[PDB]
Amino acid sequence: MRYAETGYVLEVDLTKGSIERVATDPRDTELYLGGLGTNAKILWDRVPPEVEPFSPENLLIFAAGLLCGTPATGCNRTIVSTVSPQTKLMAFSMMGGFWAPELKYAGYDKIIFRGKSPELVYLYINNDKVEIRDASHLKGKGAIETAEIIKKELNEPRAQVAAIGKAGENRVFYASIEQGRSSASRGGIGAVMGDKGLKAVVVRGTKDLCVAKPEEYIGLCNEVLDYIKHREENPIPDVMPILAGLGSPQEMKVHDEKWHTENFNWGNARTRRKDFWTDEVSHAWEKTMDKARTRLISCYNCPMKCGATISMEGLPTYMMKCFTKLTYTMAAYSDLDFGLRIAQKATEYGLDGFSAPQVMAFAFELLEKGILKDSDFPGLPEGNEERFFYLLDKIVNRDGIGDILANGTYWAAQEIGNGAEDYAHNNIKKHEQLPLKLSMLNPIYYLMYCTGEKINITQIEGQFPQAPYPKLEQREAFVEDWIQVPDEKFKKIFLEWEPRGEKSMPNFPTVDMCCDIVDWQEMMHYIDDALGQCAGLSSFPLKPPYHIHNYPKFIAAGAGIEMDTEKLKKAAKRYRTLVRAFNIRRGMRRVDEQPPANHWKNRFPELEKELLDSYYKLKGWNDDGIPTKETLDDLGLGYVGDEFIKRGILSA
Amino acid sequence: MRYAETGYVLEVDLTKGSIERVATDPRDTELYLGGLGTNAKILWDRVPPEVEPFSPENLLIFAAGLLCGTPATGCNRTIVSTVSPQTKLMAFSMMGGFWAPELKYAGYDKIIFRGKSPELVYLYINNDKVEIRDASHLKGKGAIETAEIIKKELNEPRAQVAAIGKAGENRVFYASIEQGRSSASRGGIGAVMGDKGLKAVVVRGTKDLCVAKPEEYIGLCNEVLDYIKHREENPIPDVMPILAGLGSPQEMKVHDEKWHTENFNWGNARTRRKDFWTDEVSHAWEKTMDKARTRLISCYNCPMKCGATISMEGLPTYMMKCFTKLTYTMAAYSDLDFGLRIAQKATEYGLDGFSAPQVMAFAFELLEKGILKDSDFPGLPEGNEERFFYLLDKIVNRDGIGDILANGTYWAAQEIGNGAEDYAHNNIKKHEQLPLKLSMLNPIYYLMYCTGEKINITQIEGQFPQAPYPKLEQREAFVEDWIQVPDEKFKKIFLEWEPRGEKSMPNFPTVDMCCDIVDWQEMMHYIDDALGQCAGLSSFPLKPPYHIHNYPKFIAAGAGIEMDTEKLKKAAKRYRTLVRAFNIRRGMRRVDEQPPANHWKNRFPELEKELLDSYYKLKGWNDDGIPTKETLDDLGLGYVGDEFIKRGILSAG
Ligand SMILES: CC(C)(COP(=O)(O)OP(=O)(O)OC[C@H]1O[C@@H](n2cnc3c(N)ncnc32)[C@H](O)[C@@H]1OP(=O)(O)O)[C@@H](O)C(=O)NCCC(=O)NCCSC(=O)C1=CCCC=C1
Ligand SMILES: CC(C)(COP(=O)(O)OP(=O)(O)OC[C@H]1O[C@@H](n2cnc3c(N)ncnc32)[C@H](O)[C@@H]1OP(=O)(O)O)[C@@H](O)C(=O)NCCC(=O)NCCSC(=O)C1=CCCC=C1
Ligand SMILES: Nc1nc2c(c(=O)[nH]1)N[C@H]1C(S)=C(S)[C@@H](COP(=O)(O)O)O[C@H]1N2
Ligand SMILES: Nc1nc2c(c(=O)[nH]1)N[C@H]1C(S)=C(S)[C@@H](COP(=O)(O)O)O[C@H]1N2
Ligand SMILES: Nc1nc2c(c(=O)[nH]1)N[C@H]1C(S)=C(S)[C@@H](COP(=O)(O)O)O[C@H]1N2
Ligand SMILES: Nc1nc2c(c(=O)[nH]1)N[C@H]1C(S)=C(S)[C@@H](COP(=O)(O)O)O[C@H]1N2
Ligand code: SF4
Ligand code: SF4
Ligand SMILES: [Mg+2]
Ligand SMILES: [Mg+2]
Ligand SMILES: [W+6]
Ligand SMILES: [W+6]
């Protein structure tokens, strides 16, 4: 008897229209846990480097986390995985809401899509009943719009739908997948879905989902709820609002956006506006938000209600959370009202709200520098906001210039030329970063930009504070009840750490301290992404209810496998290394692991080399960023080491 | 977590040399239990009827039964499965000894071979280590001899080896697979294995094998050991020694062979010798066997020591059990000394001891009657004994007439022509039956010859007595402690049944009594062949320690899944019916289900129709032997019914 997981996946061949339920190997659960980890095993095993993103043999995997469908608060994440058309590397992407738990109640842990459907279709799951339906009547329709039409069609009001918009259908490289108040946003996972002729995945489930140790498990869940209450009455002192509590960045609740608007860059990650947040702006954006925000709403089985239904006059309602509230606004040098309006269109089209704003601001920089012509934007309006709505439509239809921009700043620049590459200045591994151009090198963030397989800073940070406290007693207070640390050395680091002087960055924390910090922050994310646990109650906020000390108890009581703190750390390291190996096999080397040239105004080449060198060694990789044969063997990834040798990636 | 079964199989593609471990689906254990049952599910959805026996897409499966590797006494059977090159139907074949347990301790429930290796290879398993080795130095070597060379070669003296001899390498249609004192003998599984270029499968295993409810399970084991003790202090009264106790027919222990020699047909199932067993012959054969039998030896975890190492002067030692002690002897009209000598060669070649002798005896009949002439046997020696050794070599090398004879009597007859057919008079579905030509219709045995999917009367019979007692007092004594019957109906039947008179065959037992009796006897074999339990302690002998009432307890406490008598009965029904449907998909029909014209001297067309008409209904089949859509939906085999409807085998409505 399997627990927590269902022990079954669906294999779907969209070319042949075949559908097969397949029992999983319980050993893969012990080694790789579930979610992202087991996705990485499937991709390693079945997608060799000769496979292109828009090749039939590319896989699109929808995974429900190990503990999704259990009573674990906030444990509801879907992990979508494939090879990215933008980065040509592995792309995994997380989605909240209600879809993953529904897949579990239907009896499945994953759906694995291979092939391509000639006709636009959608997959319909209802417990044991699985079938492929014609979706041509859904062509071009928005992601939310599509879900609503389908639930009508099928008479399944309680079904969960993950869908693409027109942007997905047209294989826009940063096209997302949307489900109610949730989104698998980055990496172009939506483009692959469109490429396979897959319009939506509709699931309804009414079966039981069992846990192994019933009372132990519910006990841990209450422990978490108690901690969520306590923690809510005790926000982290002296820290800006949107990051003092639990949850995803609480930007739908908090009106104050001084930190973001004054420290992040506007336009094409170009312009700092140090004194932007006037009283006049604060009042105007609060008015817009109060009027537009219908309700704060939660994902499945969670009280934090991070997201919000948003209603702009004369526009369909949509749902939003976190930073997409500002990225369109800031990239366009506009106001919050504009942001919320265009975000509505872009959500329905199904576009990544991080990359898309920067692509458009990239385009207008080129148009202004004359590198692009005005004849490349035919019928172009000349009001600034109108031009953003205009280009959004060119991109989503791959129309003329939109066809090039639809490929992202890296490829658009390379395809354009005339020094367009100079303006694609905010990429790592061909993927747009957050619009941050700070002054002083940050040793911890340096390592995170360089090595993160999600290639997104907000999805590798969290557990260690972003800044030190000025006063010693503030730090003593903070580390006092910091139970989430793996080792008390993390307390001592934060005690010593100071904003200014001989114990400040970039020289302190030390290189070894920075390696431990990045390793821990990263580890927690990978655990979240295998369990399906929302980072909002785990790896993202300071002092979460889930941590390295009770996670082993959740896994043991939930899935009925042996698990403790050490074994879990090792598990996390195992599929973190496997994801690494997957990208190594696709061509990634040390050379690729470098932040934008202009990401800090003060650079320290020798400190940075020493940082990356020491981090690689901590990981157990060689100086080209490849996992060694020794590390692979000890992790039980011998088959990886063997293939590395056979492929010349490692020499014996 | 999985119990009793390991939960994994090895997928092996011999064309490409790919080796892959795959986890199984615990729902398949629920529906089909293990062993033969799950073999059948595998064959059903991976081997469609367009596939030939020697097609690279044919599958060759080695399965350890569900309870092999546990402490259950005598639970050690490998189940081999493939499509038969001789019958073109499913072939399953059981081999005892030590191989299945070892596979379980290595960590696997089955090995599934597909494709064909261009070069001769063997597969070597040692726990998680699995590799394909070149076997070319082994070409032509005997099965046991191959085993010994491999173990020394690998430095694996405790490994278990299943191997083919020359006969298998040459695709003899009745080639066997041999393993110590054990053999997967019938249906030609050895030819498929040679055809795939696979010379042996070596397995060493040293991992734990777990049960769900430790205490309950060992409790049940102790109960069987107890029953085995008292059952051996109480042989069934007034019955032939070889079949009065537990185990496979105890022919290596019992020297009294009066029963066989006087009631079975010598030669090509031809000659009865009503008074063969003289005092002079008994002393002669007793002397032979005393000298030749080195030791009585057992399969894994069993006290019955049914088999024997046999050592003939100047020959390599081999092992033997059951009726091959006599088949060569009788086919050649010879003595036991000859039987044991030629059976040594035949065993090393890897040949089925039932078919081979009849094939040779049939050849010499045709020679006598001039259908074959001396030109067909260049260099044929003069002596009778010497001729048999000559023809054995011809057949194994598919040399000359041997090439035709290596196909079995049914195909050889058709190819030889000129009246050869009339002499291939002991086949059912192109498969040689035991040399039995009785005088009066036995209605119970009529049913078992017709429908049995193993197509061998000795692997479907057992639980009901073959004959009645002369006195009622005897009948009453027997049924008093007969706890094994599924219902009490069976005790009453045996009480009424008498040798001569009103309550005697073929009219008693009635047509309905015969069907219940044949259902039960068959079901127990299918349970044994799923669990890997030796029939010698179960479906074969009267009053066994395993039976329908405690088997569910073993499955529950061993495998950790719900089971009770009714669910087990229905499970056995489920995969027995699946095997039926597989043979239907490959074209079998009621027409194929006749015994030989001459199997009994006194026949009854009317009763025989009614017998088979009734039995079909009880199984839930058509009047053409096909499982109806309703009975298929009931057994959770809707998907079978569907395919049958798609292919026009069952009409919709
Ligand atoms: C962003 C941030 C405000 C930057 O802080 P700061 O402004 O202090 O940093 P700064 O620009 O480097 O330097 C300022 C001045 O100090 C000076 N100086 C430096 N070192 C000095 C020394 N040792 N001694 C003396 N002076 C030293 C410098 O030279 C400079 O002076 P200048 O006028 O002469 O040029 C802070 O939160 C941080 O550190 N973030 C971490 C990294 C990050 O990107 N985090 C956010 C990730 S996204 C996220 O989390 C999200 C959340 C929600 C939704 C979406 C995303
Ligand atoms: C063969 C057997 C030993 C005795 O048989 P019998 O000779 O007694 O029966 P018979 O030959 O039919 O008839 C004799 C005479 O009586 C007459 N007559 C008959 N009924 C009559 C009546 N009611 N009333 C009046 N008269 C009746 C007949 O007409 C005839 O008279 P006739 O002078 O005119 O010709 C008994 O076990 C049996 O029949 N088994 C059947 C199943 C079978 O095949 N078993 C073995 C399966 S393999 C196995 O188990 C192995 C084990 C170990 C290793 C390998 C394999
Ligand atoms: N396991 C996991 N949970 C996560 C994240 C993640 O990367 N991994 N991202 C967080 C952030 S920063 C946001 S804005 C939301 C995004 O929710 P969505 O995927 O439904 O749009 O998920 C949060 N939960
Ligand atoms: N369409 C869409 N894109 C989006 C978002 C969203 O909510 N909707 N969230 C943004 C935020 S805040 C984050 S943290 C990332 C989430 O990354 P992921 O969905 O690939 O896991 O997407 C960004 N892009
Ligand atoms: N499960 C099962 N056990 C069985 C049998 C069988 O058909 N199924 N055949 C019995 C008979 S009649 C004999 S002679 C021996 C033969 O053992 P072997 O296959 O190792 O040569 O197995 C006995 N045990
Ligand atoms: N080579 C060989 N053939 C043999 C035997 C044997 O032990 N060795 N056993 C005979 C007996 S007594 C039986 S019951 C069957 C067993 O059939 P199976 O091994 O195909 O299951 O084969 C017969 N042919
Ligand atoms: S913390 Fe917020 S984003 Fe995470 S599950 Fe709860 S409501 Fe959803
Ligand atoms: S009864 Fe005989 S053939 Fe069966 S397992 Fe025991 S020793 Fe082997
Ligand atoms: Mg997401
Ligand atoms: Mg056998
Ligand atoms: W976010
Ligand atoms: W036998």
# chains A, B, ... in the order shown; residues from 1 in each chain; ligands from 1
>>> select_by_dssp(residues="segment 369-447 of chain B", states="strand (DSSP E)", output="ChimeraX atom specification")
/B:427-428,431-432,438-440
>>> write_last_selection(atoms="C-alpha atoms", output="mmCIF file, in the first residue's frame")
data_model
loop_
_atom_site.group_PDB
_atom_site.id
_atom_site.type_symbol
_atom_site.label_atom_id
_atom_site.label_comp_id
_atom_site.auth_asym_id
_atom_site.auth_seq_id
_atom_site.Cartn_x
_atom_site.Cartn_y
_atom_site.Cartn_z
ATOM 1 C CA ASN B 427 -2.330 -36.146 -29.763
ATOM 2 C CA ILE B 428 -4.611 -33.433 -28.417
ATOM 3 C CA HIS B 431 0.541 -32.445 -28.234
ATOM 4 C CA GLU B 432 1.448 -36.007 -27.173
ATOM 5 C CA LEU B 438 -8.332 -47.721 -21.636
ATOM 6 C CA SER B 439 -11.491 -49.730 -22.327
ATOM 7 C CA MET B 440 -14.366 -47.741 -20.856
#
>>> interface_residues(of="chain B", to="chain A", cutoff="10 Å", atoms="only C-alpha atoms", output="ChimeraX atom specification")
/B:1-3,7-8,21-27,560-561
>>> residues_around(residues="residue 53 of chain B", least_positions_apart="2", cutoff="10 Å", atoms="only C-alpha atoms", output="ChimeraX atom specification")
/B:50-51,55-60,82-90,188-189,191-192,195
>>> residues_near_ligand(ligand="ligand 9", cutoff="8 Å", atoms="only C-alpha atoms and all ligand atoms", output="mmCIF file with N, CA, C and O atoms, in the first residue's frame")
data_model
loop_
_atom_site.group_PDB
_atom_site.id
_atom_site.type_symbol
_atom_site.label_atom_id
_atom_site.label_comp_id
_atom_site.auth_asym_id
_atom_site.auth_seq_id
_atom_site.Cartn_x
_atom_site.Cartn_y
_atom_site.Cartn_z
ATOM 1 N N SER A 93 8.536 24.628 -13.306
ATOM 2 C CA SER A 93 7.688 25.781 -13.036
ATOM 3 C C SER A 93 6.577 25.377 -12.082
ATOM 4 O O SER A 93 5.907 24.368 -12.302
ATOM 5 N N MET A 94 6.387 26.151 -11.018
ATOM 6 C CA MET A 94 5.420 25.787 -9.992
ATOM 7 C C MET A 94 4.123 26.575 -10.122
ATOM 8 O O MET A 94 4.122 27.741 -10.504
ATOM 9 N N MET A 95 3.024 25.921 -9.770
ATOM 10 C CA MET A 95 1.690 26.495 -9.864
ATOM 11 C C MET A 95 0.897 26.176 -8.601
ATOM 12 O O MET A 95 0.848 25.020 -8.160
ATOM 13 N N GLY A 96 0.280 27.198 -8.013
ATOM 14 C CA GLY A 96 -0.495 27.029 -6.795
ATOM 15 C C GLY A 96 -1.931 26.626 -7.057
ATOM 16 O O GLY A 96 -2.220 25.899 -8.009
ATOM 17 N N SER A 182 -3.625 30.985 -10.084
ATOM 18 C CA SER A 182 -2.326 30.333 -10.089
ATOM 19 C C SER A 182 -1.736 30.291 -11.484
ATOM 20 O O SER A 182 -2.456 30.387 -12.479
ATOM 21 N N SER A 183 -0.415 30.156 -11.547
ATOM 22 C CA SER A 183 0.286 30.178 -12.818
ATOM 23 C C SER A 183 1.647 29.477 -12.778
ATOM 24 O O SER A 183 2.503 29.789 -11.941
ATOM 25 N N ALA A 184 1.819 28.506 -13.668
ATOM 26 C CA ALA A 184 3.144 28.016 -14.035
ATOM 27 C C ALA A 184 3.681 29.003 -15.055
ATOM 28 O O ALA A 184 3.312 28.945 -16.226
ATOM 29 N N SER A 185 4.526 29.923 -14.600
ATOM 30 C CA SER A 185 4.747 31.176 -15.314
ATOM 31 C C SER A 185 5.959 31.228 -16.236
ATOM 32 O O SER A 185 5.881 31.789 -17.329
ATOM 33 N N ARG A 186 7.081 30.671 -15.788
ATOM 34 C CA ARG A 186 8.373 30.975 -16.411
ATOM 35 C C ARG A 186 9.015 29.789 -17.109
ATOM 36 O O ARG A 186 8.775 28.643 -16.750
#
>>> residues_near_ligand(ligand="ligand 1", cutoff="7 Å", atoms="only C-alpha atoms and all ligand atoms", output="PDB file with N, CA, C and O atoms, in the first residue's frame")
ATOM      1  N   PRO A 249       5.018  37.131  -1.218  1.00  0.00           N
ATOM      2  CA  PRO A 249       5.043  38.583  -0.984  1.00  0.00           C
ATOM      3  C   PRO A 249       3.630  39.176  -0.947  1.00  0.00           C
ATOM      4  O   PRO A 249       2.870  39.096  -1.911  1.00  0.00           O
ATOM      5  N   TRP A 259       9.848  50.202  -1.030  1.00  0.00           N
ATOM      6  CA  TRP A 259      11.017  49.353  -1.217  1.00  0.00           C
ATOM      7  C   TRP A 259      11.197  48.999  -2.694  1.00  0.00           C
ATOM      8  O   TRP A 259      12.262  49.224  -3.268  1.00  0.00           O
ATOM      9  N   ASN A 263      13.961  51.079  -5.213  1.00  0.00           N
ATOM     10  CA  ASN A 263      15.185  50.279  -5.260  1.00  0.00           C
ATOM     11  C   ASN A 263      15.298  49.379  -6.487  1.00  0.00           C
ATOM     12  O   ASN A 263      16.398  48.978  -6.861  1.00  0.00           O
ATOM     13  N   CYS A 322       1.599  38.718  -5.736  1.00  0.00           N
ATOM     14  CA  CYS A 322       3.026  39.003  -5.843  1.00  0.00           C
ATOM     15  C   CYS A 322       3.375  40.116  -6.856  1.00  0.00           C
ATOM     16  O   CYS A 322       2.580  41.025  -7.103  1.00  0.00           O
ATOM     17  N   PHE A 323       4.555  40.006  -7.464  1.00  0.00           N
ATOM     18  CA  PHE A 323       5.231  41.146  -8.086  1.00  0.00           C
ATOM     19  C   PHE A 323       4.697  41.546  -9.467  1.00  0.00           C
ATOM     20  O   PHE A 323       5.042  42.609  -9.974  1.00  0.00           O
ATOM     21  N   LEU A 434      15.296  39.546 -12.366  1.00  0.00           N
ATOM     22  CA  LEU A 434      14.598  40.658 -11.737  1.00  0.00           C
ATOM     23  C   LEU A 434      15.330  41.963 -12.009  1.00  0.00           C
ATOM     24  O   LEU A 434      16.563  41.985 -12.071  1.00  0.00           O
ATOM     25  N   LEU A 436      16.983  44.465 -10.937  1.00  0.00           N
ATOM     26  CA  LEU A 436      17.795  44.974  -9.837  1.00  0.00           C
ATOM     27  C   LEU A 436      19.200  45.304 -10.309  1.00  0.00           C
ATOM     28  O   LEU A 436      19.943  44.416 -10.730  1.00  0.00           O
ATOM     29  N   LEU A 438      22.041  46.996  -8.380  1.00  0.00           N
ATOM     30  CA  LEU A 438      22.450  47.537  -7.093  1.00  0.00           C
ATOM     31  C   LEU A 438      23.892  48.045  -7.146  1.00  0.00           C
ATOM     32  O   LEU A 438      24.553  47.943  -8.180  1.00  0.00           O
ATOM     33  N   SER A 439      24.375  48.607  -6.043  1.00  0.00           N
ATOM     34  CA  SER A 439      25.680  49.269  -6.042  1.00  0.00           C
ATOM     35  C   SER A 439      26.824  48.347  -5.617  1.00  0.00           C
ATOM     36  O   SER A 439      27.837  48.257  -6.309  1.00  0.00           O
ATOM     37  N   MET A 440      26.655  47.662  -4.489  1.00  0.00           N
ATOM     38  CA  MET A 440      27.727  46.848  -3.909  1.00  0.00           C
ATOM     39  C   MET A 440      27.510  45.346  -4.109  1.00  0.00           C
ATOM     40  O   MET A 440      26.417  44.834  -3.866  1.00  0.00           O
ATOM     41  N   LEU A 441      28.558  44.650  -4.548  1.00  0.00           N
ATOM     42  CA  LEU A 441      28.518  43.195  -4.686  1.00  0.00           C
ATOM     43  C   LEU A 441      27.966  42.530  -3.430  1.00  0.00           C
ATOM     44  O   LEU A 441      28.396  42.827  -2.315  1.00  0.00           O
ATOM     45  N   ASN A 442      26.997  41.644  -3.625  1.00  0.00           N
ATOM     46  CA  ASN A 442      26.433  40.851  -2.544  1.00  0.00           C
ATOM     47  C   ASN A 442      26.860  39.402  -2.756  1.00  0.00           C
ATOM     48  O   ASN A 442      26.351  38.725  -3.650  1.00  0.00           O
ATOM     49  N   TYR A 445      24.033  36.709  -2.842  1.00  0.00           N
ATOM     50  CA  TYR A 445      23.175  36.797  -4.018  1.00  0.00           C
ATOM     51  C   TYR A 445      23.949  36.493  -5.291  1.00  0.00           C
ATOM     52  O   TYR A 445      23.396  35.927  -6.235  1.00  0.00           O
ATOM     53  N   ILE A 457      15.954  34.669  -8.943  1.00  0.00           N
ATOM     54  CA  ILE A 457      16.405  34.993  -7.595  1.00  0.00           C
ATOM     55  C   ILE A 457      15.292  34.847  -6.534  1.00  0.00           C
ATOM     56  O   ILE A 457      15.566  34.436  -5.403  1.00  0.00           O
ATOM     57  N   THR A 458      14.041  35.143  -6.879  1.00  0.00           N
ATOM     58  CA  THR A 458      13.003  35.065  -5.852  1.00  0.00           C
ATOM     59  C   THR A 458      12.618  33.618  -5.540  1.00  0.00           C
ATOM     60  O   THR A 458      11.807  33.362  -4.652  1.00  0.00           O
ATOM     61  N   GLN A 466      17.795  39.278   4.250  1.00  0.00           N
ATOM     62  CA  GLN A 466      18.416  39.986   3.127  1.00  0.00           C
ATOM     63  C   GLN A 466      19.399  41.076   3.565  1.00  0.00           C
ATOM     64  O   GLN A 466      20.254  41.504   2.788  1.00  0.00           O
ATOM     65  N   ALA A 467      19.252  41.534   4.803  1.00  0.00           N
ATOM     66  CA  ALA A 467      20.107  42.575   5.363  1.00  0.00           C
ATOM     67  C   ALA A 467      20.321  42.317   6.853  1.00  0.00           C
ATOM     68  O   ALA A 467      19.509  41.638   7.492  1.00  0.00           O
ATOM     69  N   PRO A 499      25.656  46.068   9.048  1.00  0.00           N
ATOM     70  CA  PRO A 499      25.414  46.896   7.861  1.00  0.00           C
ATOM     71  C   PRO A 499      26.666  47.615   7.373  1.00  0.00           C
ATOM     72  O   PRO A 499      26.852  47.766   6.165  1.00  0.00           O
ATOM     73  N   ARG A 500      27.513  48.044   8.303  1.00  0.00           N
ATOM     74  CA  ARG A 500      28.690  48.830   7.956  1.00  0.00           C
ATOM     75  C   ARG A 500      29.895  48.439   8.796  1.00  0.00           C
ATOM     76  O   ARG A 500      29.758  48.065   9.956  1.00  0.00           O
ATOM     77  N   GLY A 501      31.078  48.538   8.203  1.00  0.00           N
ATOM     78  CA  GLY A 501      32.304  48.278   8.930  1.00  0.00           C
ATOM     79  C   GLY A 501      32.955  46.967   8.548  1.00  0.00           C
ATOM     80  O   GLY A 501      32.629  46.376   7.519  1.00  0.00           O
ATOM     81  N   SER A 504      30.920  43.813   7.392  1.00  0.00           N
ATOM     82  CA  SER A 504      29.888  44.067   6.390  1.00  0.00           C
ATOM     83  C   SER A 504      30.280  43.475   5.035  1.00  0.00           C
ATOM     84  O   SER A 504      31.419  43.056   4.843  1.00  0.00           O
ATOM     85  N   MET A 505      29.328  43.431   4.104  1.00  0.00           N
ATOM     86  CA  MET A 505      29.583  42.932   2.751  1.00  0.00           C
ATOM     87  C   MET A 505      30.435  43.925   1.962  1.00  0.00           C
ATOM     88  O   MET A 505      30.389  45.127   2.221  1.00  0.00           O
ATOM     89  N   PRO A 506      31.186  43.434   0.962  1.00  0.00           N
ATOM     90  CA  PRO A 506      31.153  42.071   0.421  1.00  0.00           C
ATOM     91  C   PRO A 506      32.055  41.069   1.151  1.00  0.00           C
ATOM     92  O   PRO A 506      31.991  39.872   0.865  1.00  0.00           O
TER      93      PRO A 506
END
>>> residues_near_ligand(ligand="ligand 6", cutoff="7 Å", atoms="only C-alpha atoms and all ligand atoms", output="ChimeraX atom specification")
/B:92-95,176,182-187,320-324,346-347,350-354,458-459
>>> write_last_selection(atoms="N, CA and C atoms", output="compact mmCIF listing (two decimals), in the first residue's frame")
# COMPACT_ATOMS: atom_id res chain seq x y z
N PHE B 92 2.68 -22.88 -20.77
CA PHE B 92 3.28 -22.65 -19.48
C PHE B 92 3.86 -23.97 -19.02
N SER B 93 4.96 -23.89 -18.27
CA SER B 93 5.73 -25.05 -17.87
C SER B 93 6.36 -24.78 -16.51
N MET B 94 6.26 -25.75 -15.61
CA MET B 94 6.70 -25.58 -14.23
C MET B 94 7.99 -26.33 -13.99
N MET B 95 8.90 -25.67 -13.26
CA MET B 95 10.16 -26.27 -12.89
C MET B 95 10.39 -26.02 -11.41
N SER B 176 13.51 -28.95 -23.67
CA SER B 176 13.19 -28.57 -22.30
C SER B 176 14.17 -27.54 -21.77
N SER B 182 15.65 -30.41 -11.69
CA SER B 182 14.38 -29.81 -12.11
C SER B 182 14.31 -29.52 -13.61
N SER B 183 13.09 -29.49 -14.14
CA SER B 183 12.91 -29.31 -15.57
C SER B 183 11.58 -28.69 -15.96
N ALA B 184 11.66 -27.61 -16.74
CA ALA B 184 10.51 -27.09 -17.45
C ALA B 184 10.44 -27.87 -18.75
N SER B 185 9.56 -28.86 -18.80
CA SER B 185 9.72 -29.94 -19.77
C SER B 185 8.97 -29.78 -21.09
N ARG B 186 7.70 -29.38 -20.99
CA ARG B 186 6.73 -29.56 -22.07
C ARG B 186 6.33 -28.29 -22.82
N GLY B 187 5.90 -28.48 -24.07
CA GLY B 187 5.35 -27.40 -24.85
C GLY B 187 6.35 -26.65 -25.70
N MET B 320 16.46 -37.42 -11.71
CA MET B 320 15.21 -37.89 -12.28
C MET B 320 14.11 -37.91 -11.22
N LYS B 321 12.87 -37.72 -11.65
CA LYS B 321 11.72 -37.93 -10.78
C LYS B 321 10.54 -38.34 -11.65
N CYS B 322 9.56 -38.98 -11.04
CA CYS B 322 8.31 -39.28 -11.73
C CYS B 322 8.49 -40.25 -12.91
N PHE B 323 7.75 -39.99 -13.98
CA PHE B 323 7.40 -41.01 -14.94
C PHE B 323 8.42 -41.22 -16.08
N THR B 324 9.41 -40.33 -16.20
CA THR B 324 10.44 -40.53 -17.21
C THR B 324 11.30 -41.73 -16.86
N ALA B 346 19.11 -37.85 -22.90
CA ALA B 346 17.96 -37.03 -23.26
C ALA B 346 17.85 -35.83 -22.32
N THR B 347 18.11 -36.07 -21.05
CA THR B 347 18.12 -34.99 -20.07
C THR B 347 19.21 -33.97 -20.39
N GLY B 350 18.30 -31.93 -23.21
CA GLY B 350 17.20 -31.04 -22.88
C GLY B 350 15.94 -31.37 -23.67
N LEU B 351 15.40 -32.56 -23.41
CA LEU B 351 14.24 -33.08 -24.14
C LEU B 351 13.14 -33.55 -23.22
N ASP B 352 11.91 -33.27 -23.63
CA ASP B 352 10.72 -33.66 -22.87
C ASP B 352 10.52 -35.18 -22.87
N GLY B 353 10.65 -35.79 -21.69
CA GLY B 353 10.56 -37.24 -21.53
C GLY B 353 9.23 -37.91 -21.84
N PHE B 354 8.17 -37.13 -22.02
CA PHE B 354 6.88 -37.67 -22.46
C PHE B 354 6.84 -37.79 -23.98
N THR B 458 -1.84 -35.29 -16.30
CA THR B 458 -1.24 -35.40 -14.96
C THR B 458 -1.01 -34.05 -14.27
N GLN B 459 -1.35 -32.96 -14.96
CA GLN B 459 -1.20 -31.62 -14.40
C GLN B 459 -2.56 -30.90 -14.33
>>> atom_distance(atom1="atom CA of residue 634 of chain A", atom2="atom CA of residue 572 of chain A")
13.6 Å
>>> closest_residue(among="A:351, A:548, A:537, A:80", to="residue 486 of chain A", atoms="only C-alpha atoms")
A:548
>>> residues_near_ligand(ligand="ligand 2", cutoff="8 Å", atoms="only C-alpha atoms and all ligand atoms", output="VMD selection string")
chain B and resid 242 to 243 249 251 259 to 260 263 to 264 322 to 323 434 436 to 442 445 457 to 458 461 to 462 466 to 467 498 to 506 600 to 602
